[PDB]
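Virtual Cβ from ideal backbone geometry, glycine too; neighbours counted across all protein chains shown. Each answer follows from the model by the rule given with it, or from the source it names; no laboratory instrument gave them.
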Amino acid sequence: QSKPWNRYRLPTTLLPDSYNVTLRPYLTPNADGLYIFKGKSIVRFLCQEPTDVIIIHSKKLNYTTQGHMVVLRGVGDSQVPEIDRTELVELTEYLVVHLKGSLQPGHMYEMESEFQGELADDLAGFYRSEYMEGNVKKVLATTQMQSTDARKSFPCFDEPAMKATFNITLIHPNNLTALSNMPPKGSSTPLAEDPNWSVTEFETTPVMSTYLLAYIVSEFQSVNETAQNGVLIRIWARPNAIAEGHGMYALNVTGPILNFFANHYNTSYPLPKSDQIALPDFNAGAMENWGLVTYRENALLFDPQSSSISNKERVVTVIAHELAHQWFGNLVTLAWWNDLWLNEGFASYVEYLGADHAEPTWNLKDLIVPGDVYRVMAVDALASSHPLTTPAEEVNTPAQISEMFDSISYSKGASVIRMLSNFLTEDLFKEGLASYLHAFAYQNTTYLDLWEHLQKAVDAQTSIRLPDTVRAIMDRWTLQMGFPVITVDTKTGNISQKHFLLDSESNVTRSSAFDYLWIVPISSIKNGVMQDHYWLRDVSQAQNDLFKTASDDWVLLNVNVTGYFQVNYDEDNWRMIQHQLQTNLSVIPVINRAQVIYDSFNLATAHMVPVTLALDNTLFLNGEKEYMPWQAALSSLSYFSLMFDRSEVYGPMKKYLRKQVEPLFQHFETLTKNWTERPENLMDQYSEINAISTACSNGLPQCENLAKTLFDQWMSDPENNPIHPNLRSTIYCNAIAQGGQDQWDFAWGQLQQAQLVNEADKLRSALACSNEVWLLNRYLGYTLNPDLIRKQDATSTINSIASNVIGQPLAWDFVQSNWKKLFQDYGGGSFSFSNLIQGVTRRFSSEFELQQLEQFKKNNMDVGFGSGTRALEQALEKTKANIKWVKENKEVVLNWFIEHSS
Ligand SMILES: *[C@@H]1O[C@H](CO)[C@@H](O[C@@H]2O[C@H](CO)[C@@H](O[C@@H]3O[C@H](CO)[C@@H](O)[C@H](O)[C@H]3NC(C)=O)[C@H](O)[C@H]2NC(C)=O)[C@H](O)[C@H]1NC(C)=O
Ligand SMILES: *[C@@H]1O[C@H](CO)[C@@H](O[C@@H]2O[C@H](CO)[C@@H](O[C@@H]3O[C@H](CO)[C@@H](O)[C@H](O)[C@H]3NC(C)=O)[C@H](O)[C@H]2NC(C)=O)[C@H](O)[C@H]1NC(C)=O
Ligand SMILES: *[C@@H]1O[C@H](CO)[C@@H](O[C@@H]2O[C@H](CO)[C@@H](O[C@@H]3O[C@H](CO)[C@@H](O)[C@H](O)[C@H]3NC(C)=O)[C@H](O)[C@H]2NC(C)=O)[C@H](O)[C@H]1NC(C)=O
Ligand SMILES: *[C@@H]1O[C@H](CO)[C@@H](O[C@@H]2O[C@H](CO)[C@@H](O)[C@H](O)[C@H]2NC(C)=O)[C@H](O)[C@H]1NC(C)=O
Ligand SMILES: *[C@@H]1O[C@H](CO)[C@@H](O[C@@H]2O[C@H](CO)[C@@H](O)[C@H](O)[C@H]2NC(C)=O)[C@H](O)[C@H]1NC(C)=O
Ligand SMILES: *[C@@H]1O[C@H](CO)[C@@H](O[C@@H]2O[C@H](CO)[C@@H](O)[C@H](O)[C@H]2NC(C)=O)[C@H](O)[C@H]1NC(C)=O
Ligand SMILES: *[C@@H]1O[C@H](CO)[C@@H](O[C@@H]2O[C@H](CO)[C@@H](O)[C@H](O)[C@H]2NC(C)=O)[C@H](O)[C@H]1NC(C)=O
Ligand SMILES: *[C@@H]1O[C@H](CO)[C@@H](O[C@@H]2O[C@H](CO)[C@@H](O)[C@H](O)[C@H]2NC(C)=O)[C@H](O)[C@H]1NC(C)=O
Ligand SMILES: *[C@@H]1O[C@H](CO)[C@@H](O[C@@H]2O[C@H](CO)[C@@H](O)[C@H](O)[C@H]2NC(C)=O)[C@H](O)[C@H]1NC(C)=O
Ligand SMILES: CC(C)C[C@H](NC(=O)[C@@H](O)[C@H](N)Cc1ccccc1)C(=O)O
Ligand SMILES: *[C@@H]1O[C@H](CO)[C@@H](O)[C@H](O)[C@H]1NC(C)=O
Ligand SMILES: *[C@@H]1O[C@H](CO)[C@@H](O)[C@H](O)[C@H]1NC(C)=O
Ligand SMILES: [Zn+2]
């Protein structure tokens, strides 16, 4: 039998009740340049089963407790055993307290410790954040516990089901502000040993998980609103940022989103206030800490003057996401990280609902399809994918836990929950969801608990009927990886399902308890009229007249792509669909217009339709005003561009794309009053951004003209940028393309003086669009200079250049030549050799190019490849695929484009 301090999961012998935790960061270094924080904690816990050892999480903390590493006391009149010895076991991250006797079932104990650790800038635990205000470097203190870093700030039972109440005290310079999950008890008070310091006590938290704790000490200020129930809402940011009003949009949306979720969930927001704080260079993105949610600045702040509409959308959706957790994930918490998908899938879905409430004219719910469904299907249509569910006994180590945080868990999770909601109807879903939340408030659950509660709601009504239990249907979507392609022969109304894989020649080696069969809910539209809902059972083949058609008829499946599957037809129904789109497109719902494109290209990739059938599905676009179907096309074709932009196929492609996009370009020229006012709603704003982008980048002269006109106008008046943030990336890029060192230098200047991150990113990317070799080689020379380009931007700037077809060879040489900079960039800052390699080898589609790549790998002789070690293997295997795809496709593709370019 093995020793419990060597097992990654905690015993169940001791459960915490409550914690006192006092943290004191020292924001001035110790002259050796070390910053530290000091702590003291007391954890009260209960004995469940007899035991003569206390195992508790601890990570990179030194103890300065008097005596042993902890002091142990009994609560009330409980006696307590003497401590034998206390040790730290680093591998499993434990403080282990061996006792001279056993604790007693039903007895409560208090364990006190004093400790300190590094206040590193590592974005982990209690950690520091350095940033610039004027001539001053500022340092603040803040936390990121997710997922196994609470133990890095204070010793605790750091598993998510092991909830307790937390009383937090912060000791801090007296002119700084102290924040935590809960409001402060009253006014800060001076620290008696040194009144330069203050003491802020916070109210007791609700029963909660250690990973949701947060405490922050900074100079930050806030904008406030008291919602009507009394809930204080603040937005915290850098003083300068607050003073520019960049916190306003977040303040505008937060109250609304909160009220929405409180109703949607049928459950009060469980806290007295909600803080949201914008942190500079928070690489985690955002973190749903209960009552104190942290965001990277670009994610929470918004400047109306410079930010685009897609920035606004990012702000509102990110808030909606984190706010969604305040109930789902925080109030009711998954018992273990194997069910992460539930929590994050759920928030990934309801973010759309929350944001839609705040911005009801935008139609945000639509964006889940391009943004999550098709995104995740690209990786879920692979042999190397994995189930939503993972057995709990296979997730044990911090790194195994971190692996749970991926595209499957977020995006498929959102996609399957969205499907669940649609086949139940939202009202029914909400009923079960309210029931789950009430039954499990302040406790922990598994996905089976949600199913059980949704089943309860189903069982209590008569309108919605199901082929099977919620569980049994959901098990097909959660226990096995992948999804089905649904093929229909409209001639007969026969309908099949198979495990879909983009590579038709791939060996699936992961077995399923269901033989890759799903219970599939299928909506469907015939002649623009909604048909009866159908359910495909767990069978390969079936028939229903719902999918039988006539000569003049067409049938389309999966309305609004609510189902997690792709649809293929017979050629005739396909052609008929096409005719409808040529003649009256408004009869096919705008999401399915997109679906036709999305699925067809994937099916072509899988060899289930010819590539010409997919291309035919773009033909209708010349009359399409709407964002999504265009976006589907632009997404599906970016790879054709990447393969053919250096070949005889390109000219035809561009000619074609010009043809398709011009009418749309014209339409906006009209509708925007010669580009003087943006369209009204989000979707139309996106469509315009896409058309202009496409028009210019395929060389539509009217687009080129505009781009040159506006940039001329800007250079004549630098302080008054005429270009609307929405169009900056296109206009900037095209203009620099049409220009020389005049345009490039101006832009570069603008970059060096640009205050706001997004504007800098747009100039940095545009600068890569010069068509001059000397200008792109000069600019590469700049990427390895920190005074000119931030290290954290270098590999990205290199990829932008390689994106330019003129820049492809220049970038590829730069990289091979400077590969002697793995041993300069591996110690100071990661650098991400993985991203750089993948981006620069992206185009490689020929035998010759492959020999070059092999020949480059022959520098194997040390220097290695670092964090891109075997991201070079992926690049070799990706070129082989490209060569093989280009041989099979070149001819057919070329002919089609010529055929259709007028
Ligand atoms: C976790 O933190 C709690 C808050 O600090 C502790 O509870 C506090 O204990 C204090 C003393 O230990 C009490 O303050 C005063 O102390 C003087 C001693 O000189 C006493 O006479 C008074 O009873 C008391 N003052 C008043 C106005 O009653 C606090 O009463 C008390 N604060 C509370 C309960 O909110 C917990 O003890 C601490 N937990 C553990 C396990 O140590
Ligand atoms: C928690 O305890 C750790 C172990 O006590 C501390 O880590 C130790 O830090 C020492 C200095 O910071 C290192 O020793 C040497 O220190 C002298 C004088 O400061 C230097 O000249 C030497 O360069 C240095 N030795 C070397 C080989 O570089 C210890 O090596 C080091 N031990 C480790 C890292 O295991 C932590 O400082 C302490 N942390 C906190 C936050 O209190
Ligand atoms: C947070 O919510 C506020 C309340 O809805 C928004 O305030 C509105 O901002 C609009 C756009 O900035 C203003 O519209 C126009 O602004 C121009 C430019 O100054 C004026 O000339 C026009 O008179 C005005 N009205 C028009 C075109 O009809 C609104 O006036 C203003 N509304 C209120 C009640 O103040 C905030 O914009 C919003 N903040 C953010 C960052 O989105
Ligand atoms: C954290 O603070 C809370 C709030 O005061 C403490 O809650 C009290 O716990 C004591 C000791 O069990 C009880 O006598 C009181 O009934 C509780 N008060 C309230 C208002 O709930 C809690 O004990 C503190 N935690 C720790 C570790 O001391
Ligand atoms: C809070 O107090 C500290 C200590 O005085 C201030 O820190 C100094 O700020 C000045 C700028 O006015 C700098 O020139 C110094 O280098 C800082 N000193 C140290 C030791 O860090 C700080 O500015 C004050 N902050 C607020 C918000 O009032
Ligand atoms: C949760 O939902 C219930 C049921 O919808 C809410 O109670 C209803 O509120 C309306 C208010 O006009 C009444 O007319 C209904 O008859 C109520 N139903 C019941 C069963 O009481 C309830 O208020 C919601 N709670 C929260 C916290 O949002
Ligand atoms: C994790 O969650 C379960 C519930 O899913 C908790 O078990 C419940 O505990 C409460 C209060 O102690 C009781 O009312 C119920 O009888 C329990 N339900 C069960 C066992 O199904 C459990 O305590 C939580 N685990 C931890 C470690 O807090
Ligand atoms: C549609 O499905 C039906 C049956 O589910 C298929 O028809 C059968 O095909 C077998 C194969 O040899 C024949 O022996 C049977 O006599 C047929 N059954 C009938 C007509 O009831 C039919 O081929 C399918 N259509 C397709 C795939 O297009
Ligand atoms: C498919 O999705 C569209 C959105 O693209 C749905 O249309 C929306 O429906 C709601 C309620 O009817 C309205 O409040 C929105 O304003 C509608 N928008 C548009 C553009 O019509 C449509 O109802 C969905 N159809 C089905 C069958 O689910
Ligand atoms: C809208 C979301 C996808 C935003 C997202 N944030 C989250 O998922 C949070 O709710 C996560 N729970 C926090 C997190 C993120 C990354 C790594 C570790 C921990 C992120 O930007 O990473
Ligand atoms: C997979 O197995 C098949 C035969 O079942 C074989 O022809 C093929 O080479 C294998 N691998 C790949 C990657 O196609
Ligand atoms: C085409 O279909 C739309 C959408 O239903 C309908 O409103 C319109 O009357 C039709 N227009 C034409 C020109 O046939
Ligand atoms: Zn999340």
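Remarks
- Among (1) within 16 Å of ligand 9 (Cβ to nearest atom); (2) closer than 28 Å to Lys138 by Cα - the single one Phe260 does not satisfy: (2)
- Residue match in segment 60-81 (condition: touching a residue at least 60 places away in the same chain (Cβ under 8 Å), in contact with a helix residue (DSSP H, G or I) (Cβ under 6 Å, 6 or more places away or on another chain) and in the same structural domain as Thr210 (by CATH)): yes
- So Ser511, is it closer than 23 Å to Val373 by Cα, away from ligand 6 (no atom under 16 Å from the Cβ) and assigned to a loop (DSSP other than H, G, I, E, B): no
- Subset of segment 217-232 that is among the hydroxyl-bearing types (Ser, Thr, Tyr) and in contact (Cβ under 8 Å) with a residue 12 or more places away in the chain - its residue that is farthest from ligand 11 (Cβ to nearest atom): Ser222
- Total residues in segment 265-290, condition out of contact with any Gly (no Cβ under 8 Å at 6 or more places or on another chain) and either among the polar types (S, T, N, Q) or over 19 Å from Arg128 (Cα atoms) (or both): 10
- Flag if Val253 is of a type in the set (A, V, I, L, M, F, W, C) and assigned to a strand (DSSP E or B): no
- Qualifying residues in segment 384-422 (those that are part of a loop (DSSP other than H, G, I, E, B) and either hydroxyl-bearing (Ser, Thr, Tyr) or in contact with an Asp or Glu (Cβ under 6 Å, 6 or more places away or on another chain) (or both)) - the one surrounded by the fewest Cβ atoms within 10 Å (Cβ to Cβ): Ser384
- Residue among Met474, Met481 that is in a loop (DSSP other than H, G, I, E, B), more than 16 Å from ligand 11 (Cβ to nearest atom), crowded, with 19+ Cβ neighbours inside 10 Å and among the aliphatic types (A, V, I, L, M): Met481
- Scanning segment 584-616 for residues that are touching a strand residue (DSSP E or B) at 6+ places or on another chain (Cβ under 7 Å) and more than 16 Å from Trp554 (Cα to Cα) gives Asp599, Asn602, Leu603, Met608, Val609.
- Qualifying residue in segment 774-790 (condition: without any contact (Cβ under 8 Å) to a residue 12 or more places away in the chain, acidic (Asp, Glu) and assigned to a helix (DSSP H, G or I)): no
- Residue selected from segment 259-281 under the condition under 30 Å from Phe440 (Cβ atoms) and under 21 Å from the mean Cα position of the chain (by Cα), by the criterion farthest from ligand 5 (Cβ to nearest atom): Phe261
- Residue within segment 202-216 that is of a type outside the set (A, V, I, L, M) and either within 16 Å of ligand 11 (Cβ to nearest atom) or more than 30 Å from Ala335 (Cα to Cα) (or both) present: no
- Listed here are the strands (runs of 3 or more DSSP E) enclosed by segment 40-103 that have at least 3 residues being of a type in the set (A, V, I, L, M, F, W, C): 51-57, 83-89, 94-103.
- Criterion violated by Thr462 - all others in (1) touching a strand residue (DSSP E or B) at 6+ places or on another chain (Cβ under 6 Å); (2) assigned to a loop (DSSP other than H, G, I, E, B) satisfied: (1)
- Segment 499-515, subset surrounded by fewer than 22 Cβ atoms within 10 Å (Cβ to Cβ) and away from ligand 11 (no atom under 16 Å from the Cβ), residue farthest from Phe565 (Cα to Cα): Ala513
- Beta carbons closer than 9 Å, at least 6 apart along the sequence or on distinct chains, pair a first residue in segment 122-137 that is closer than 12 Å to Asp281 by Cα with a second that is exposed (fewer than 11 other Cβ atoms within 10 Å of the Cβ) for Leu123/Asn283; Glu130/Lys137; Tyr131/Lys137.
- For segment 545-587, the set of residues classified as touching a residue at least 12 places away in the same chain (Cβ under 8 Å) and β-branched (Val, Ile, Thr) consists of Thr549, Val555, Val559, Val561, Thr562, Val567, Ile577, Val587, listed by residue number.
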